[PDB]
Amino acid sequence: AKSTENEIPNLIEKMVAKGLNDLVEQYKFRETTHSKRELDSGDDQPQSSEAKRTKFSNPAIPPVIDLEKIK
Amino acid sequence: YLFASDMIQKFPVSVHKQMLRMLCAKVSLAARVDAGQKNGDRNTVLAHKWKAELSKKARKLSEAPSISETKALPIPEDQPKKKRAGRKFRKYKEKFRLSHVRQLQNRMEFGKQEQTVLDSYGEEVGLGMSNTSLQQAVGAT
Amino acid sequence: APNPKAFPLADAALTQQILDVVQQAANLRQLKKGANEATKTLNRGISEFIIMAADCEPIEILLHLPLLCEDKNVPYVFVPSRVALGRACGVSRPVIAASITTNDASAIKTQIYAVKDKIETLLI
Amino acid sequence: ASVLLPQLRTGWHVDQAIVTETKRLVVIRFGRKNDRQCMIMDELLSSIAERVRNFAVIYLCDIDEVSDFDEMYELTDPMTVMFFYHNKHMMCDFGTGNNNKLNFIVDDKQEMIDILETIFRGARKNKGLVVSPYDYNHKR
Amino acid sequence: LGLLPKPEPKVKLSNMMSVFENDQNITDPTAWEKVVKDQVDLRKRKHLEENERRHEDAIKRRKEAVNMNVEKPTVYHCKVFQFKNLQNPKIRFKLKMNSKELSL
RNA sequence: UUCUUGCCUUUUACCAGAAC
RNA sequence: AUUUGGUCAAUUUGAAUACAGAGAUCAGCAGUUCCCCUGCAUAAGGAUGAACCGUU
RNA sequence: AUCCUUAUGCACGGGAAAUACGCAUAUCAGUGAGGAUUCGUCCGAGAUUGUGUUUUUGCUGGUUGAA
């Protein structure tokens, strides 16, 4: 919960980003379960690269951020 | 035997197949439960629930969809935007193009009596100017 | 917490292994989801081992399968989660029973055998 | 239908209706509530209206009540409909020889829809007139 | 809205004859062929290059990864075999190297 | 107005007969 | 025996101008889905090879 | 370290189809959807409803005309 509080906006988009990250870490079976995402975050931790890919995923999973930037 | 049950045969014939299927599985489940139970337990709550569920299912099947809000005709604008082609795309569109032989057929020679074909279903058919004059005079193609 | 009559419940790692096997089995068309299919498999003799769900409620719809297995001498487990089992099988819906079936010429034969052995060990 | 199609109350309302639909076309049935032909027309238009909601709006009008618009037909007063777009009255040449209004029931729903579409198209172009795809001549 | 790249038509040796966006298609016929064939090669090469890159990166990861993974073993499977003789070198070697491989 | 003829295809207006 | 089914729209009007009403045609490529092959990765799971002795 | 099986992810390449492919705060679904049958039994995963496009989406090139 603490972890979620600090870095994680804990919406659907964030979850998606997290999922993507684990796939890029090198997943096969759907990464891991998420009770409140904390577990997932913990699992990711071994990879040790969280904050970059969510700032990338919003540019892709919609293009709204990109549009904003343009404007 | 099951199909002749009250549980199926009360509902409309629309539902009977699905209803019957439902019954089979639920019946099986009930049987299993019975097998599991020791003598002098007579729980029979699960069965009740199943029955209720079955009833609900039946009701749902009998009830139809609520009326559709009549889908509107699109604001008639007459756009010719597309403009495409591609070995890919031109195939599909080939299926909907009139092909060259059909075009030829659609052409009718002016003075001449045009080549028909006597389909036994209907003689009407105009083979048109798809057959070359000389060719037509001689035979087929 | 899981039902007492759901026995033998597989240990975490073991459960995971079983799930993996099932997934492999699903891929290979070696697996048969569901009570009724599982039952059929048992009748046939094709079943290698039967994987059940502890969180099947009402549990007693399940509890014939174990008996059948016992009478057929087929290893059987429960895993804890029906949902998980379903996922493994390749079904978003809750599956409660499954059968990994026999097929000598499978790639995953060895895996299946291992799981069977594990299941047997569990039983007593 | 009475319940389905909105009916208008007084000439002002009618005028407003005619003006306000910038995007859509406006079909005003002018007709005496209890008449056969008028009723038939209303029934037809009910069907059409839902279909063509996206391009044309239908409204009804009791012509004996709202006497403001006996400019529109020179005091002949059969059971009519009228067509409008951007407050400009829309002329539709049928066989009838009254190009201004269709003063005759058409039985085909689809046909009616088609004619509505045609007039909408004409309006969009700006063409005050439009030639209908159906000849009529017989109904009148 | 970005215009960061521009998408060029993916020629091949079958499209070769029908693509005219890139010029020289009959004018410089062998040149055109070279261009198209070259393009194809690049595409193929790119694919191969990508694969190579992937292979490299994976390899890089694996060494690091193994080092990282000093997990706490919960329970250990064991097997004890006994034999009457092994005056064969080969068998001994097999026993060694396999063991080394499997962290056994 | 309704039914039957004939213009025919519609408005009249008719063709030529019944019924109210 | 007569007649109705026959009004161009648009613009400028307080009848004149208009005069039928305002992109076409040929061709790429990419995407979408499914399939097949191929190389790589990821998991899993095999199968197998390699001289010779090792570690308190 | 080499070879292979499975699934998936990315891609070279080749092929077919788009009457197809989605979408849903829907309803139901391996606790059985839908089907087979030689009638003994067998297969076992979508079905329903709503709806969006669907003679096509996104991009290019040419000739042309326009004049």
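No value in this document is a laboratory result; all are computed from the given coordinates. Quick reminder, even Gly has a Cβ in these numbers, built from the backbone with ideal geometry, and neighbours come from all protein chains shown.
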Which one is surrounded by the fewest Cβ atoms within 10 Å (Cβ to Cβ) among residues in segment A:45-71 that are more than 13 Å from chain E (Cβ to nearest Cβ) and polar (S, T, N, Q)?
-> A:58
Segment C:75-124, subset among the charged types (D, E, K, R) and within 16 Å of residue C:48 (Cα to Cα), residue farthest from the chain's Cα centre (by Cα) | C:104
Name the pairs: first residue in segment B:69-94 and within 14 Å of chain D (Cβ to nearest Cβ), second residue assigned to a loop (DSSP other than H, G, I, E, B) and of a type in the set (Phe, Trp, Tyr), Cβ to Cβ under 7 Å, at least 6 apart or on different chains?
-> B:73/D:55; B:75/D:55; B:76/D:55
Candidates D:40, D:18, D:28 - the one that is in contact (Cβ under 8 Å) with a residue 40 or more places away in the chain and touching a helix residue (DSSP H, G or I) at 6+ places or on another chain (Cβ under 8 Å) = D:28
Which one of these does residue C:80 not meet: (1) without any contact (Cβ under 8 Å) to a residue 60 or more places away in the chain; (2) out of contact with any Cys (no Cβ under 8 Å at 6 or more places or on another chain)?
-> (1)
Enumeration of residues in segment C:18-74 that are among the polar types (S, T, N, Q) and either outside any helix (DSSP H, G or I) or within 16 Å of RNA strand G (Cβ to nearest atom) (or both) | C:23, C:24, C:27, C:30, C:47, C:73
Considering segment D:106-132, residues that are more than 13 Å from chain B (Cβ to nearest Cβ) and of a type outside the set (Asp, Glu), and then whichever is farthest from RNA strand G (Cβ to nearest atom), we arrive at D:106
Check on residue B:124, away from every other protein chain (no Cβ under 14 Å) and assigned to a loop (DSSP other than H, G, I, E, B) | yes
Can you spot a residue in segment E:75-84 that is more than 9 Å from RNA strand H (Cβ to nearest atom) and within 14 Å of chain A (Cβ to nearest Cβ)?
-> no
Could you grab me the full set of residues in segment B:52-68 that are more than 14 Å from chain D (Cβ to nearest Cβ) and of a type in the set (S, T, N, Q)?
-> B:55, B:62, B:66
Considering (1) in a strand (DSSP E or B); (2) surrounded by fewer than 17 Cβ atoms within 10 Å (Cβ to Cβ), say which one residue D:59 fails and leave the rest.
-> (2)
Across segment B:31-50, what is the number of residues that are within 9 Å of chain C (Cβ to nearest Cβ), farther than 17 Å from residue C:66 by Cβ and surrounded by 13 or more Cβ atoms within 10 Å (Cβ to Cβ)?
-> 2
Test residue C:110 against the criterion of being within 14 Å of chain B (Cβ to nearest Cβ) and away from RNA strand F (no atom under 16 Å from the Cβ), and give yes or no.
-> no
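Within segment E:1-10, how many residues are within 12 Å of another protein chain (Cβ to nearest Cβ) and either under 11 Å from residue E:37 (Cα atoms) or surrounded by 10 or more Cβ atoms within 10 Å (Cβ to Cβ) (or both)?
First, pick out the residues of segment E:1-10 that are within 12 Å of another protein chain (Cβ to nearest Cβ): E:1-4, E:9-10.
With the extra rule that they be either under 11 Å from residue E:37 (Cα atoms) or surrounded by 10 or more Cβ atoms within 10 Å (Cβ to Cβ) (or both), the set shrinks to E:9-10.
The number of residues fulfilling the criteria is 2.
So, of the residues in segment E:11-48 that are among the charged types (D, E, K, R) and in a loop (DSSP other than H, G, I, E, B), which turns out to be farthest from the other protein chains (Cβ to nearest Cβ)? Outline the logic, then answer.
Step one: of segment E:11-48, the residues among the charged types (D, E, K, R) are E:12, E:21, E:23, E:28, E:33-34, E:37-38, E:41, E:43-46.
Now narrow it down to the ones that are in a loop (DSSP other than H, G, I, E, B): E:12, E:21, E:23, E:28.
Values: E:12: 10, E:21: 12, E:23: 19, E:28: 23 Å.
Per the stated criteria, the residue is E:28.
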